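Asker: Before I ask anything, let me first share the structure, which is written out below as structure tokens.
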Amino acid sequence: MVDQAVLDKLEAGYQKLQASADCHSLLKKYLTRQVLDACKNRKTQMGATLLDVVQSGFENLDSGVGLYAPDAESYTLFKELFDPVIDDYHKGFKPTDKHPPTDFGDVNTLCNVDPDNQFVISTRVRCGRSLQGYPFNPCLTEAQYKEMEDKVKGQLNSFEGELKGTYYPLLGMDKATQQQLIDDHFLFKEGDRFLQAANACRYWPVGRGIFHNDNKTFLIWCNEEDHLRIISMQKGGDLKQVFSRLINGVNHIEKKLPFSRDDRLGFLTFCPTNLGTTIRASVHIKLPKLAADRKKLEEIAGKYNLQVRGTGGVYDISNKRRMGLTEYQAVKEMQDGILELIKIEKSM
């Protein structure tokens with residue numbers, strides 16, 4: 001069933017990993033002889049093989065993780081590789097652990113993290129979705145890209161009120177439209193070497209597109225890394241408003257387009273780092289006092305399970321956790337973490 005040439009490529013790629021002393025990917029750590037022999041002869045119903053999982057980490061020895069999901073089934077079919085990788089990356093999510101049911105919870109318990117607008121430049125909540133019944137980017141055909149786009153465009157064009165907007169296909173996009181989207185920080189392009197070597201950017205840009213609302217507070221990407229990337233954002237710290245809008249947008253889409261969700265892993269994504277809630281809730285925030293040290297900060301951020309990115313003293317701070325907690329719990333801890341960071345700058 002699995003081509004001998006494919007088995008040969010798996011064998012050569014395993015050997016490549018072993019011969020590289022600098023390679024420290026999760027792929028190399030967990031694709032043992034035993035796991036490789038257990039998995040190599042399997043194929044999903046949509047036709048994905050272990051190569052469609054691991055090929056990017058063979059090509060990019062400096063990968064962090066080094067593997068992706070070619071479709072929903074792959075997560076369970078290749079569990080002897082995916083399970084240890086997930087456990088490692090999500091910092092304790094064991095093979096027997098189970099993600100909770102979806103729960104966006106009660107938005108009226110959320111607030112503005114900076115009502116006086118002294119610290120937070122902007123607030124963003126992002127999630128990701130795969131559409132049930134389609135392969136992920138490594139195995140989508142050109143036909144499936146086109147058919148999926150038509151379905152997506154249908155549902156996005158039916159947004160009403162605050163979410164009403166325009167869909168912009170990448171195919172045939174004119175230079176002036178492109179410049180406007182760049183100006184709004186809404187454009188995406190063909191993927192980096194990790195995505196290319198994962199077969200995630202084929203038939204570019206067929207079936208790829210960008211949607212945003214008239215107010216430019218809601219943004220969807222179609223067939224960048226996942227089928228859908230859905231983002232709510234605005235100036236200031238009103239996390240309640242941002243998250244409310246996200247829920248409304250995701251919920252609209254779902255009325256016609258069912259999502260891929262696993263009972264154990266939550267929402268399924270091309271990248272294993274994005275499972276569970278798929279949520280990254282972030283702020284762009286200035287904390288000049290704490291910023292000085294950059295350790296007392298790191299130590300406090302980690303204490304509220306936050307992660308500090310950095311794109312003067314403007315930082316991007318977000319929830320670190322994706323799996324093992326609800327959507328509500330992820331957003332609420334980010335909220336509590338930021339309220340505590342602000343409350344301590346006021347004392348520094």
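Chain labels run A, B, ... following the order of the structure tokens; each chain numbers its residues from 1, and ligands are numbered from 1 in the order shown.
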Which residues of range 74-121 of chain A sit at most 12 Å from range 127-140 of chain A, using only C-alpha atoms? Give each one's shortest atom pair and distance in Å (one decimal place), in chain and ascending residue order, as a tab-separated table.
Answerer:
residue	atom	partner	partner_atom	distance
A:74	CA	A:135	CA	10.0
A:75	CA	A:136	CA	11.7
A:104	CA	A:127	CA	12.0
Asker: Those residues you just picked out, can you put them in a file as a JSON list (two decimals), in the first residue's frame with N, CA, C and O atoms?
Answerer:
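Written out: selection-v2.json:
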[["chain", "number", "residue", "atom", "x", "y", "z"],
["A", 74, "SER", "N", -4.43, 11.76, 10.67],
["A", 74, "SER", "CA", -3.02, 11.54, 10.95],
["A", 74, "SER", "C", -2.69, 11.63, 12.44],
["A", 74, "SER", "O", -1.80, 10.91, 12.92],
["A", 75, "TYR", "N", -3.35, 12.53, 13.20],
["A", 75, "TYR", "CA", -3.08, 12.69, 14.62],
["A", 75, "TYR", "C", -3.30, 11.38, 15.37],
["A", 75, "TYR", "O", -2.55, 11.03, 16.27],
["A", 104, "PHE", "N", -16.54, 28.93, 25.41],
["A", 104, "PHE", "CA", -16.19, 30.35, 25.32],
["A", 104, "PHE", "C", -16.59, 31.10, 26.59],
["A", 104, "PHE", "O", -16.13, 32.21, 26.84]]
Asker: Check range 259-332 of chain A with DSSP on the backbone and list each residue it calls alpha helix (DSSP H), as a list in words.
Answerer: residues 288, 289, 290, 291, 292, 293, 296, 297, 298, 299, 300, 301, 327, 328, 329, 330, 331 and 332 of chain A
Asker: Just the residues within 8 Å of range 186-190 of chain A, please, counting only C-alpha atoms, with nothing from its chain fewer than 6 positions along; format it as a count of residues only.
Answerer: 7
Asker: Work out how far CA of residue 227 in chain A is from CA of residue 84 in chain A, in Å to one decimal.
Answerer: 25.2 Å
Asker: As a list in words, which residues of range 174-271 of chain A does DSSP assign to strand (DSSP E or B)?
Answerer: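 The residues of range 174-271 of chain A classed as strand (DSSP E or B) are residues 209, 210, 211, 212, 213, 218, 219, 220, 221, 222, 228, 229, 230, 231, 232, 233, 234, 235, 238, 259, 261, 262, 266 and 267 of chain A.
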Asker: Restrict the selected residues to N, CA and C atoms and save them as a short mmCIF file (atom, residue, chain, number, x, y, z; two decimals), in the first residue's frame.
Answerer:
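Wrote it out as result.cif, contents follow:
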data_model
loop_
_atom_site.label_atom_id
_atom_site.label_comp_id
_atom_site.auth_asym_id
_atom_site.auth_seq_id
_atom_site.Cartn_x
_atom_site.Cartn_y
_atom_site.Cartn_z
N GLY A 209 -7.04 33.58 0.31
CA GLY A 209 -7.69 34.87 0.34
C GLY A 209 -7.76 35.49 1.74
N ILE A 210 -8.18 36.76 1.73
CA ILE A 210 -8.24 37.59 2.92
C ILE A 210 -9.60 38.26 3.01
N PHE A 211 -10.23 38.18 4.18
CA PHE A 211 -11.46 38.87 4.50
C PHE A 211 -11.25 39.82 5.67
N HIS A 212 -11.83 41.02 5.59
CA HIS A 212 -11.91 41.84 6.80
C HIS A 212 -13.18 42.68 6.83
N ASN A 213 -13.60 43.05 8.03
CA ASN A 213 -14.81 43.83 8.19
C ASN A 213 -14.48 45.29 7.86
N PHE A 218 -11.73 42.85 12.53
CA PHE A 218 -11.96 41.41 12.35
C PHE A 218 -11.32 40.99 11.03
N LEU A 219 -10.54 39.89 11.03
CA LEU A 219 -9.67 39.51 9.93
C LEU A 219 -9.67 37.99 9.80
N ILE A 220 -9.86 37.49 8.59
CA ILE A 220 -9.79 36.06 8.33
C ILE A 220 -8.78 35.80 7.24
N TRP A 221 -7.92 34.81 7.48
CA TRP A 221 -7.09 34.31 6.41
C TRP A 221 -7.56 32.91 6.00
N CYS A 222 -7.72 32.71 4.69
CA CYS A 222 -8.15 31.43 4.15
C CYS A 222 -6.97 30.76 3.44
N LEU A 228 -8.50 28.06 8.04
CA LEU A 228 -8.93 29.37 8.51
C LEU A 228 -8.09 29.83 9.70
N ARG A 229 -7.74 31.12 9.66
CA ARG A 229 -7.20 31.85 10.78
C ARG A 229 -8.14 33.03 11.01
N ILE A 230 -8.68 33.13 12.23
CA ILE A 230 -9.73 34.07 12.54
C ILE A 230 -9.24 34.94 13.68
N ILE A 231 -9.23 36.26 13.44
CA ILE A 231 -8.64 37.21 14.35
C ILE A 231 -9.58 38.40 14.59
N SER A 232 -9.75 38.77 15.86
CA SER A 232 -10.42 39.98 16.33
C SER A 232 -9.38 40.87 16.97
N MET A 233 -9.42 42.19 16.68
CA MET A 233 -8.45 43.07 17.31
C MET A 233 -9.00 44.50 17.37
N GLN A 234 -8.40 45.33 18.23
CA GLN A 234 -8.71 46.74 18.26
C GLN A 234 -7.66 47.48 19.08
N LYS A 235 -7.61 48.80 18.91
CA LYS A 235 -6.87 49.67 19.80
C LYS A 235 -7.42 49.60 21.22
N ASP A 238 -9.89 46.63 25.64
CA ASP A 238 -11.23 46.06 25.84
C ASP A 238 -11.27 44.62 25.34
N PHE A 259 -16.41 22.26 11.70
CA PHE A 259 -14.98 22.24 12.01
C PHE A 259 -14.51 20.83 12.36
N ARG A 261 -12.75 18.65 14.91
CA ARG A 261 -12.37 18.63 16.32
C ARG A 261 -12.18 17.18 16.76
N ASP A 262 -11.12 16.91 17.53
CA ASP A 262 -10.85 15.57 18.07
C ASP A 262 -11.34 15.51 19.51
N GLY A 266 -8.93 18.43 21.03
CA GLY A 266 -9.66 19.63 20.67
C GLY A 266 -9.60 19.94 19.18
N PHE A 267 -9.59 21.23 18.83
CA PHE A 267 -9.57 21.60 17.40
C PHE A 267 -8.25 21.21 16.74
#
